[PDB]
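**Student:** no sequence for this one, just the structure:
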Ligand SMILES: [Zn+2]
Ligand SMILES: [Zn+2]
């Protein structure tokens with residue numbers, strides 16, 4: 001087998017700061033688009049997380065602030081790459 005890996009389990013992607021609410025994320029919220037807030041787009045790097053019940057999330061920070069949507073506690077663990085960036089074209 002080959003040597004390494006030499007890379008780290010993250011990936012670079014385009015991200016956005018809402019100037020009206022002062023948060024940074026991968027996209028504006030549906031409420032931020034509907035109320036039509038101002039935002040600045042730029043590139044960043046993202047971090048992947050898992051909860052012990054099997055629930056999942058992602059942040060631009062080293063840990064998310066939010067409680068679990070499935071069991072209601074706070075037990076997020078940092079996890080690695082999803083083994084693919086995306087599938088075929090889908091949705092609208
Ligand atoms: Zn906003
Ligand atoms: Zn959970």
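**Tutor:** Okay, I see it. Numbers count the residues shown, from 1 in each chain. Ligands and ions are numbered 1, 2, ... in the order given.
**Student:** how about residue 32, secondary structure?
**Tutor:** Residue 32 carries the three-state label helix when classified by DSSP: H, G, I helix; E, B strand; the rest coil.
**Student:** Do I have it right that it meets residue 20?
**Tutor:** Yes. Using CB atoms under 8 Å, residue 32 is in contact with residue 20, at 7.3 Å. The C-beta positions use only the backbone N, C-alpha and C, and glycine is treated the same way.
**Student:** higher neighbour count, those two?
**Tutor:** Neighbours were counted for residue 32 and for residue 20 using other CB atoms under 10 Å; residue 32 has more, 18 against 12.
**Student:** Doesn't residue 69 belong to a helix?
**Tutor:** No. Read with three-state DSSP, residue 69 is coil and lies in no helix.
**Student:** How much space separates it from residue 51?
**Tutor:** Residue 69 is 9 Å from residue 51, where distance means CB to CB, to the nearest Å.
**Student:** which one of those two has more residues nearby?
**Tutor:** Taking other CB under 10 Å, residue 69 and residue 51 do not tie; residue 51 has more neighbours (18 against 11).
**Student:** what sits against the more buried one?
**Tutor:** Under the criterion of CB atoms under 8 Å, 6 or more residues apart in numbering, the neighbours of residue 51 are 57, 68, 70, 71, 73, 75, 76, 77.
**Student:** Show me which residues of this protein sit near ligand 1.
**Tutor:** With CB under 5 Å from the ion as the criterion, the chain comes near ligand 1 at residues 18, 20, 21, 32, 37.
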